[PDB]
Structures are given as structure tokens and as C-alpha cells.
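Student: Just so it is clear, I am handing over run.pdb, which has PDB, C-alpha atoms.
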```
ATOM      1  CA  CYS A   1      -5.620  -1.879   8.039  1.00  0.00           C
ATOM      2  CA  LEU A   2      -6.474  -5.024   5.945  1.00  0.00           C
ATOM      3  CA  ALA A   3      -9.865  -6.494   5.078  1.00  0.00           C
ATOM      4  CA  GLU A   4     -11.392  -9.698   6.357  1.00  0.00           C
ATOM      5  CA  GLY A   5     -10.424 -12.458   3.963  1.00  0.00           C
ATOM      6  CA  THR A   6      -6.903 -11.145   3.344  1.00  0.00           C
ATOM      7  CA  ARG A   7      -4.706 -14.205   2.841  1.00  0.00           C
ATOM      8  CA  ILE A   8      -1.411 -14.312   4.735  1.00  0.00           C
ATOM      9  CA  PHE A   9       1.144 -17.010   3.868  1.00  0.00           C
ATOM     10  CA  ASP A  10       3.217 -18.494   6.716  1.00  0.00           C
ATOM     11  CA  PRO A  11       6.541 -19.526   5.114  1.00  0.00           C
ATOM     12  CA  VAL A  12       7.569 -21.700   8.080  1.00  0.00           C
ATOM     13  CA  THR A  13       4.536 -23.990   8.025  1.00  0.00           C
ATOM     14  CA  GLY A  14       3.489 -23.393   4.414  1.00  0.00           C
ATOM     15  CA  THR A  15      -0.061 -22.652   5.608  1.00  0.00           C
ATOM     16  CA  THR A  16      -2.090 -19.753   4.233  1.00  0.00           C
ATOM     17  CA  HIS A  17      -4.362 -18.075   6.779  1.00  0.00           C
ATOM     18  CA  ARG A  18      -7.235 -15.608   6.602  1.00  0.00           C
ATOM     19  CA  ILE A  19      -6.234 -12.558   8.648  1.00  0.00           C
ATOM     20  CA  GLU A  20      -9.438 -12.550  10.720  1.00  0.00           C
ATOM     21  CA  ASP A  21      -8.699 -16.107  11.886  1.00  0.00           C
ATOM     22  CA  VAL A  22      -5.143 -15.105  12.838  1.00  0.00           C
ATOM     23  CA  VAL A  23      -6.454 -12.200  14.916  1.00  0.00           C
ATOM     24  CA  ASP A  24      -9.518 -13.909  16.401  1.00  0.00           C
ATOM     25  CA  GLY A  25      -7.396 -16.855  17.542  1.00  0.00           C
ATOM     26  CA  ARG A  26      -4.216 -14.872  18.359  1.00  0.00           C
ATOM     27  CA  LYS A  27      -2.365 -17.383  16.240  1.00  0.00           C
ATOM     28  CA  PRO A  28       1.416 -17.322  16.594  1.00  0.00           C
ATOM     29  CA  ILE A  29       2.113 -17.501  12.860  1.00  0.00           C
ATOM     30  CA  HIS A  30       5.108 -16.344  10.881  1.00  0.00           C
ATOM     31  CA  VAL A  31       4.751 -14.206   7.799  1.00  0.00           C
ATOM     32  CA  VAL A  32       6.993 -13.271   4.916  1.00  0.00           C
ATOM     33  CA  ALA A  33       8.495  -9.875   5.662  1.00  0.00           C
ATOM     34  CA  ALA A  34      10.628  -7.647   3.464  1.00  0.00           C
ATOM     35  CA  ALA A  35      13.913  -6.036   4.469  1.00  0.00           C
ATOM     36  CA  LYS A  36      15.026  -2.717   2.977  1.00  0.00           C
ATOM     37  CA  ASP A  37      17.324  -4.385   0.404  1.00  0.00           C
ATOM     38  CA  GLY A  38      14.429  -6.357  -1.078  1.00  0.00           C
ATOM     39  CA  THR A  39      15.307  -9.665   0.568  1.00  0.00           C
ATOM     40  CA  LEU A  40      12.414 -11.628   2.066  1.00  0.00           C
ATOM     41  CA  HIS A  41      12.475 -13.396   5.432  1.00  0.00           C
ATOM     42  CA  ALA A  42      10.220 -15.230   7.874  1.00  0.00           C
ATOM     43  CA  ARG A  43       9.239 -13.157  10.910  1.00  0.00           C
ATOM     44  CA  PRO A  44       6.713 -13.788  13.707  1.00  0.00           C
ATOM     45  CA  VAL A  45       3.525 -11.895  14.348  1.00  0.00           C
ATOM     46  CA  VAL A  46       3.770 -10.242  17.763  1.00  0.00           C
ATOM     47  CA  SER A  47       0.472  -8.310  18.013  1.00  0.00           C
ATOM     48  CA  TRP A  48      -3.051  -8.854  16.690  1.00  0.00           C
ATOM     49  CA  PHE A  49      -5.468  -6.004  16.016  1.00  0.00           C
ATOM     50  CA  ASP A  50      -9.186  -5.948  15.348  1.00  0.00           C
ATOM     51  CA  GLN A  51      -9.685  -2.557  13.735  1.00  0.00           C
ATOM     52  CA  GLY A  52     -13.472  -2.559  13.268  1.00  0.00           C
ATOM     53  CA  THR A  53     -15.613  -2.039  10.190  1.00  0.00           C
ATOM     54  CA  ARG A  54     -14.187   0.411   7.671  1.00  0.00           C
ATOM     55  CA  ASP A  55     -14.189   1.245   3.998  1.00  0.00           C
ATOM     56  CA  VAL A  56     -11.635  -0.790   2.052  1.00  0.00           C
ATOM     57  CA  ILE A  57     -10.534  -0.276  -1.544  1.00  0.00           C
ATOM     58  CA  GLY A  58      -9.341  -3.013  -3.889  1.00  0.00           C
ATOM     59  CA  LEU A  59      -6.107  -3.243  -5.847  1.00  0.00           C
ATOM     60  CA  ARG A  60      -6.268  -5.956  -8.496  1.00  0.00           C
ATOM     61  CA  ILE A  61      -2.700  -7.042  -9.325  1.00  0.00           C
ATOM     62  CA  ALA A  62      -1.240  -8.830 -12.329  1.00  0.00           C
ATOM     63  CA  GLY A  63      -1.761 -12.524 -11.607  1.00  0.00           C
ATOM     64  CA  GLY A  64      -5.300 -11.974 -10.370  1.00  0.00           C
ATOM     65  CA  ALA A  65      -4.943 -11.295  -6.656  1.00  0.00           C
ATOM     66  CA  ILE A  66      -6.973  -8.449  -5.181  1.00  0.00           C
ATOM     67  CA  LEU A  67      -5.648  -6.722  -2.062  1.00  0.00           C
ATOM     68  CA  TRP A  68      -8.429  -5.119  -0.023  1.00  0.00           C
ATOM     69  CA  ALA A  69      -7.128  -2.491   2.389  1.00  0.00           C
ATOM     70  CA  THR A  70      -8.132   0.831   3.911  1.00  0.00           C
ATOM     71  CA  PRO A  71      -7.113   3.801   1.711  1.00  0.00           C
ATOM     72  CA  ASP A  72      -4.515   4.836   4.314  1.00  0.00           C
ATOM     73  CA  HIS A  73      -2.744   1.458   4.504  1.00  0.00           C
ATOM     74  CA  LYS A  74       0.825   1.611   3.247  1.00  0.00           C
ATOM     75  CA  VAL A  75       1.890  -0.616   0.323  1.00  0.00           C
ATOM     76  CA  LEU A  76       5.470  -1.060  -0.905  1.00  0.00           C
ATOM     77  CA  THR A  77       5.726   0.218  -4.485  1.00  0.00           C
ATOM     78  CA  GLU A  78       8.240   1.112  -7.162  1.00  0.00           C
ATOM     79  CA  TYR A  79       8.126   4.624  -5.636  1.00  0.00           C
ATOM     80  CA  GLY A  80       8.598   3.526  -2.033  1.00  0.00           C
ATOM     81  CA  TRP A  81       5.879   3.315   0.583  1.00  0.00           C
ATOM     82  CA  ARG A  82       2.562   4.715  -0.656  1.00  0.00           C
ATOM     83  CA  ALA A  83      -0.955   4.812   0.750  1.00  0.00           C
ATOM     84  CA  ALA A  84      -3.168   2.272  -1.010  1.00  0.00           C
ATOM     85  CA  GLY A  85      -5.712   5.013  -1.826  1.00  0.00           C
ATOM     86  CA  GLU A  86      -3.098   7.019  -3.727  1.00  0.00           C
ATOM     87  CA  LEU A  87      -2.245   4.170  -6.130  1.00  0.00           C
ATOM     88  CA  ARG A  88      -3.527   4.027  -9.700  1.00  0.00           C
ATOM     89  CA  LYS A  89      -3.815   1.532 -12.496  1.00  0.00           C
ATOM     90  CA  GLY A  90      -0.336   1.050 -13.897  1.00  0.00           C
ATOM     91  CA  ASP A  91       1.557   1.636 -10.663  1.00  0.00           C
ATOM     92  CA  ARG A  92       3.778  -1.269  -9.635  1.00  0.00           C
ATOM     93  CA  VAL A  93       3.660  -2.850  -6.168  1.00  0.00           C
ATOM     94  CA  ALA A  94       6.231  -5.132  -4.538  1.00  0.00           C
ATOM     95  CA  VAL A  95       5.111  -8.783  -4.505  1.00  0.00           C
ATOM     96  CA  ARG A  96       6.448 -12.135  -3.398  1.00  0.00           C
ATOM     97  CA  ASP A  97       6.829 -14.311  -6.467  1.00  0.00           C
ATOM     98  CA  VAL A  98       4.743 -17.371  -5.626  1.00  0.00           C
ATOM     99  CA  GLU A  99       7.034 -19.813  -7.442  1.00  0.00           C
ATOM    100  CA  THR A 100      10.460 -18.433  -6.467  1.00  0.00           C
ATOM    101  CA  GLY A 101       9.730 -16.825  -3.090  1.00  0.00           C
ATOM    102  CA  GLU A 102      11.738 -13.711  -4.009  1.00  0.00           C
ATOM    103  CA  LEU A 404      10.638 -10.101  -4.303  1.00  0.00           C
ATOM    104  CA  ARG A 405       9.556  -8.674  -7.659  1.00  0.00           C
ATOM    105  CA  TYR A 406       7.124  -5.986  -8.853  1.00  0.00           C
ATOM    106  CA  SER A 407       3.676  -6.344 -10.407  1.00  0.00           C
ATOM    107  CA  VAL A 408       1.431  -3.804 -12.098  1.00  0.00           C
ATOM    108  CA  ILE A 409      -1.952  -2.783 -10.698  1.00  0.00           C
ATOM    109  CA  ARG A 410      -4.542  -3.844 -13.291  1.00  0.00           C
ATOM    110  CA  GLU A 411      -7.527  -2.166 -11.648  1.00  0.00           C
ATOM    111  CA  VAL A 412      -8.529  -0.020  -8.659  1.00  0.00           C
ATOM    112  CA  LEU A 413     -11.854  -1.027  -7.154  1.00  0.00           C
ATOM    113  CA  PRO A 414     -14.308   1.219  -5.292  1.00  0.00           C
ATOM    114  CA  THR A 415     -14.880   0.965  -1.570  1.00  0.00           C
ATOM    115  CA  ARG A 416     -16.828  -1.740   0.161  1.00  0.00           C
ATOM    116  CA  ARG A 417     -17.500  -2.036   3.890  1.00  0.00           C
ATOM    117  CA  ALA A 418     -15.522  -4.769   5.620  1.00  0.00           C
ATOM    118  CA  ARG A 419     -14.262  -5.863   8.976  1.00  0.00           C
ATOM    119  CA  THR A 420     -10.582  -4.914   9.108  1.00  0.00           C
ATOM    120  CA  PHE A 421      -7.496  -6.126  10.926  1.00  0.00           C
ATOM    121  CA  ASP A 422      -3.802  -5.515  11.358  1.00  0.00           C
ATOM    122  CA  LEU A 423      -0.757  -7.410  12.579  1.00  0.00           C
ATOM    123  CA  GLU A 424       2.529  -6.227  14.039  1.00  0.00           C
ATOM    124  CA  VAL A 425       5.501  -8.166  12.650  1.00  0.00           C
ATOM    125  CA  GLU A 426       8.743  -8.420  14.640  1.00  0.00           C
ATOM    126  CA  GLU A 427      11.797  -6.405  13.482  1.00  0.00           C
ATOM    127  CA  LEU A 428      10.858  -5.833   9.843  1.00  0.00           C
ATOM    128  CA  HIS A 429       7.324  -4.418  10.268  1.00  0.00           C
ATOM    129  CA  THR A 430       6.111  -5.681   6.876  1.00  0.00           C
ATOM    130  CA  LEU A 431       4.180  -8.680   5.664  1.00  0.00           C
ATOM    131  CA  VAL A 432       3.031 -10.300   2.446  1.00  0.00           C
ATOM    132  CA  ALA A 433      -0.776 -10.065   2.084  1.00  0.00           C
ATOM    133  CA  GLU A 434      -2.393 -11.539  -1.057  1.00  0.00           C
ATOM    134  CA  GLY A 435       1.156 -11.705  -2.395  1.00  0.00           C
ATOM    135  CA  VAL A 436       1.746  -7.948  -1.915  1.00  0.00           C
ATOM    136  CA  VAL A 437       4.262  -6.375   0.469  1.00  0.00           C
ATOM    137  CA  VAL A 438       2.368  -4.180   2.926  1.00  0.00           C
ATOM    138  CA  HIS A 439       3.084  -2.353   6.145  1.00  0.00           C
ATOM    139  CA  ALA A 440       2.706  -4.349   9.422  1.00  0.00           C
ATOM    140  CA  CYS A 441       3.732  -1.804  12.064  1.00  0.00           C
ATOM    141  CA  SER A 442       2.222  -0.468  15.299  1.00  0.00           C
ATOM    142  CA  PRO A 443       0.519   2.957  15.664  1.00  0.00           C
TER     143      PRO A 443
END
```
Produce C-alpha cells that represent the structure in this file.
Tutor:
Amino acid sequence: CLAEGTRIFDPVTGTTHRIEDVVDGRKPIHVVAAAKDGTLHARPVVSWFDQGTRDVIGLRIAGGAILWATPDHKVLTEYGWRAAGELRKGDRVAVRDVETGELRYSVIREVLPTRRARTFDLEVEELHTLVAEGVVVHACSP
């Protein structure tokens, strides 16, 4: 799951939302989702999850964004899907390029120790992924 404060861009409206506001208000936003060939597409959120307070780790990405997620949350990388907690400085994660809107890869500059945060998840229709702080992450249903 993803930490409070995680920014989620809605490509249909152009609005960026904090994930806790999306969940707390059951907001019918779209997200940017990735398909298996690396193309990006707008897809609606269909479920909203409040996952409680948990440890989250931080992945600071080239460009300056920091993704805060539980160590078990899956991130799309140069290797395929990997748990956030298994990633190291120098690994490359899939990102949405903020100027072009297409998928590229960016290097992890730093891994940050845990902090306690409220956490959340979203289920995204069809593609089961979303862009969070610019990074392609899993958005499935357990």
C-alpha cells in the first residue's frame, strides 16, 4: 500500500490528488495506468482502500520525487515487478515523463528508512497499475 501524501495525477482532468483525499472522499478519478507494452493510458479508479497505519519506506528518484510505500508494494522496474523493499540505490523504476506523458525509466538515488504513516490503495480498472509520484506502481485487489 501507499503512504498518505502520495500524489496521483488524473490525466483526464489534469488535477493532482493526494491519495488519502481520493480514498476518504471515494473520488471517481482517473489515473495514468501502464499496459504491458509500456504504453500509458487513462483508467478509472474502481475501489478505494484505507489500509491503516504501517511502516513505509522511501524511494527517492532522479528528478526529486520520493515514493513512500510499504516494503511489500510492487513497483514496475527494469527487472519487472519488484517489491519496493527489495529495491536498491541504482535500480531503475518505470516513470511517467512529466513533460511528454510517455513511459521511461529513472534511477533510484536513495532508499530511505521506515516511517509510520497512514496508508491507502486503489484498484484501477483493467490495467491494475497507476502512476504515483511519477512512478508506475501496482494498483490491484488482494
Student: Selected by the PyMOL selection byres ((chain A and resi 433) around 12) in the shown coordinates: which residues, as a compact mmCIF listing (two decimals) with C-alpha atoms, in the frame of the given file?
Tutor:
```txt
# COMPACT_ATOMS: atom_id res chain seq x y z
CA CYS A 1 -5.62 -1.88 8.04
CA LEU A 2 -6.47 -5.02 5.94
CA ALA A 3 -9.86 -6.49 5.08
CA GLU A 4 -11.39 -9.70 6.36
CA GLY A 5 -10.42 -12.46 3.96
CA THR A 6 -6.90 -11.14 3.34
CA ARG A 7 -4.71 -14.20 2.84
CA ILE A 8 -1.41 -14.31 4.74
CA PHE A 9 1.14 -17.01 3.87
CA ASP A 10 3.22 -18.49 6.72
CA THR A 16 -2.09 -19.75 4.23
CA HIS A 17 -4.36 -18.08 6.78
CA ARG A 18 -7.24 -15.61 6.60
CA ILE A 19 -6.23 -12.56 8.65
CA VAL A 31 4.75 -14.21 7.80
CA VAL A 32 6.99 -13.27 4.92
CA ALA A 33 8.49 -9.88 5.66
CA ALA A 34 10.63 -7.65 3.46
CA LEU A 59 -6.11 -3.24 -5.85
CA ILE A 61 -2.70 -7.04 -9.32
CA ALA A 65 -4.94 -11.30 -6.66
CA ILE A 66 -6.97 -8.45 -5.18
CA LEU A 67 -5.65 -6.72 -2.06
CA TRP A 68 -8.43 -5.12 -0.02
CA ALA A 69 -7.13 -2.49 2.39
CA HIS A 73 -2.74 1.46 4.50
CA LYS A 74 0.82 1.61 3.25
CA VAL A 75 1.89 -0.62 0.32
CA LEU A 76 5.47 -1.06 -0.90
CA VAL A 93 3.66 -2.85 -6.17
CA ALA A 94 6.23 -5.13 -4.54
CA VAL A 95 5.11 -8.78 -4.50
CA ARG A 96 6.45 -12.14 -3.40
CA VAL A 98 4.74 -17.37 -5.63
CA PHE A 421 -7.50 -6.13 10.93
CA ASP A 422 -3.80 -5.52 11.36
CA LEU A 423 -0.76 -7.41 12.58
CA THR A 430 6.11 -5.68 6.88
CA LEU A 431 4.18 -8.68 5.66
CA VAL A 432 3.03 -10.30 2.45
CA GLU A 434 -2.39 -11.54 -1.06
CA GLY A 435 1.16 -11.70 -2.40
CA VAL A 436 1.75 -7.95 -1.92
CA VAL A 437 4.26 -6.38 0.47
CA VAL A 438 2.37 -4.18 2.93
CA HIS A 439 3.08 -2.35 6.14
CA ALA A 440 2.71 -4.35 9.42
```
Student: For the structure shown, which residues end up in the PyMOL selection byres ((chain A and resi 406-412) around 9)? Put them as number ranges by chain, please?
Tutor: A: 57-64, 77-78, 85, 87-97, 404-405, 413-414, 436
Student: Determine the residue set returned by the PyMOL selection byres ((chain A and resi 26) around 10) for the present structure, and present it as a PyMOL selection string.
Tutor: chain A and resi 20-25+27-29+45-49
Student: Please determine, counting all atoms listed in the file, which residue among A:36, A:42, A:429, A:420 has the shortest atom-to-atom distance to residue 14 of chain A.
Tutor: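 Closest to residue 14 of chain A of all the choices is A:42.
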Student: So for segment 95-99 of chain A, what box centre and size do we get, axis-aligned, 8 Å extra on each of the six sides, every listed atom, Å to one decimal, as lines of an AutoDock Vina configuration file?
Tutor:
```
center_x = 5.9
center_y = -14.3
center_z = -5.4
size_x = 18.3
size_y = 27.0
size_z = 20.0
```
Student: Hey, can you check how far atom CA of residue 425 of chain A sits from atom CA of residue 443 of chain A?
Tutor: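 Atom CA of residue 425 of chain A sits 12.6 Å away from atom CA of residue 443 of chain A.
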